[PDB]
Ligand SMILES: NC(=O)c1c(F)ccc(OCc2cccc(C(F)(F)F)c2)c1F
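Next up is one chain by itself, shown in structure tokens, the form solved without the named molecule.
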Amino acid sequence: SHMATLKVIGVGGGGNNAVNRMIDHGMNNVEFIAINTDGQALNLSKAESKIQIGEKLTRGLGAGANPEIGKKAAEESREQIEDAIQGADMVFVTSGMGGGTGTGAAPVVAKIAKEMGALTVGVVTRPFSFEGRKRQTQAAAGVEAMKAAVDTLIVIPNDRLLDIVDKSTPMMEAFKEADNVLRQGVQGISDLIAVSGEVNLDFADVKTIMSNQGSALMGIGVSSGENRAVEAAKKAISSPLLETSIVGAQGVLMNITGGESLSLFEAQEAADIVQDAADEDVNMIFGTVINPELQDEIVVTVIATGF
């Protein structure tokens, strides 16, 4: 009966990069919106919906690292941003904090989306330490503004990308690894909404776990063979890229997809991995999907909140 309208919105350079790479990767049933002050970057966006903000302010340039320009640009294009969001049931706002457009404009976009009734998730990066202390301080203020404007917020410190590269990894490949946090969180929700589960979870459970919560973790894990349930759950909660780990979570939506071999015992093992790692008494919302096209693969999806 109900089919949730999901929109992913990139705000600023880094956010629009993410959107372009997610669109290249292929993702259906999601509307993408690109928002920027910088008209040069926007002309190259792959998104179906493009909103140039603050053209009277910047004359079509970026914000020159000034968050106040990004914020005033978003406020002045409020109506345009509302028109783009209208109809959304859920909005993901992604941006790199520390510059001028994303720092300043991404919390305004998030606010508008929450004010229109949408479940609003932010997925933002913090700058590398090598970008300097001022960039980090501006980013921190952006992160705080984002937290005040979203239902849930996922922060990716870009320094963590230095933990997963070797000395030759291309920068673009490291950036794709961070893109995965948003992409797989969105796909997980889209999949949860679209399939009926044998123990069914739907968009109302997502709203319950995510609405007005603060920090979150969104993770997916796939494994096969022996101990697949424990291994997939461990993968779902363990990302080296997250500021907010699973430790401390007090609400968890956990969906397990498997073939007809999916055992009750391994569903409990998987739930216990999450609960034990949270180190809290977790209020779990537990789902199960039987996909017979799967043989030996099991997929664990986790959304964690209540920190």
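Only residues modelled in both forms are compared. Just so we're on the same page, rigid core means the largest C-alpha set that superposes within 1.5 Å between forms. We number the residues from 1 along the sequence you see.
Note that the form deposited with the named molecule bound isn't included here; everything after this is about it.
*Asks:* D89 versus the named molecule, in the entry with it bound: is there a non-hydrogen atom within 4.5 Å?
*Replies:* Flag for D89 set to no.
*Asks:* Answer with yes or no whether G219 is in contact with the named molecule in the entry with it bound, where contact means some heavy atom within 4.5 Å.
*Replies:* Output for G219 is yes: heavy atoms within 4.5 Å of the named molecule.
*Asks:* Tell me, yes or no, whether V199 is in contact with the named molecule in the entry with it bound, where a contact means a heavy atom of each within 4.5 Å.
*Replies:* Taking the distances in the entry with it bound, the answer for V199 is yes, it comes within 4.5 Å of the named molecule.
*Asks:* Would you please decide whether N255 lies within 4.5 angstroms of the named molecule in the entry with it bound, comparing each non-hydrogen atom pair?
*Replies:* Yes, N255 lies within 4.5 Å of the named molecule in the entry with it bound.
*Asks:* In the entry with it bound, which of the listed residues (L192, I112, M146, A229) lies with a heavy atom within 4.5 Å of the named molecule?
*Replies:* Comparing distances to the named molecule in the entry with it bound, the residue within 4.5 Å is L192.
*Asks:* Does every residue of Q184, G287 and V302 put a non-hydrogen atom within 4.5 angstroms of the named molecule in the entry with it bound?
*Replies:* Yes, all three are in contact.
*Asks:* Of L242, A41, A277, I51, only one moves its C-alpha by 2 angstroms or more between this form and the one not shown once the rigid core is aligned, so tell me which.
*Replies:* Single hit from the list, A277.
*Asks:* Answer with closer or farther for the CA-CA spacing of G214 and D279 in the entry with it bound compared to the shown form; it moves by 3 Å or more.
*Replies:* Compared with the form shown here, the C-alpha atoms of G214 and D279 sit closer together in the entry with it bound, by 3 Å or more.
*Asks:* Just to spell it out: taking the C-alpha atom of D279 and the C-alpha atom of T208, is that distance smaller or larger in the entry with it bound than in the structure shown here, given it changes by 3 Å or more?
*Replies:* Closer is correct, given that in the entry with it bound the C-alpha spacing of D279 to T208 is reduced by at least 3 Å.
*Asks:* What stretches, three or more residues long, have all their C-alphas moved by 2 Å or more between this form and the one not shown when the rigid core is held in place?
*Replies:* In sequence order there is one run that relocates between this form and the one not shown, which is 277-282.
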